[PDB]
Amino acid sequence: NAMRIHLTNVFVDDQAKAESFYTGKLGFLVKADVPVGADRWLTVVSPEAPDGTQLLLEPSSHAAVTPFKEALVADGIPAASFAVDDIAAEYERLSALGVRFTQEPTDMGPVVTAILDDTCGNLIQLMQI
């Protein structure tokens, strides 16, 4: 009966670019892709958890969205954060695929973090867990 944390979102500038990046580079799998007017309801999931939480790659067409995204990026603030077992390995893999990092893996005490550019107007944090 309790409510579940089943969905999270990132606002992307171009959903086709986002699909390509999030699946092709980051390794997410498409879960749902359904048309809804001129855009899509597009979600992806981790291969480790295909029936778990979904990430919605949603359009940034609302007037307040892009200014907000830009403000976050200007201050180095990530829009979202994903967990990995070995951040060194993943930094190396993603770098090899031509992903741009704004922050290399850095020991922050309880977590080691890295920050990457999603190409879609967001910074994305990797967190070692």
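Each residue number is its position in the shown sequence, starting from 1.
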Test of understanding: from the entry's C-alpha B-factors, which stretch has the higher mean, 71 to 79 or 35 to 43? 35 to 43
Look over 60 to 68 and 87 to 95 in the entry and identify the one with the greater average Cα temperature factor. 87 to 95
Residue selected from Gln125, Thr8, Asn122, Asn1 by maximal Cα B factor: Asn1
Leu116, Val112, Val12, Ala16, ranked by C-alpha B-factor: the highest one: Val112
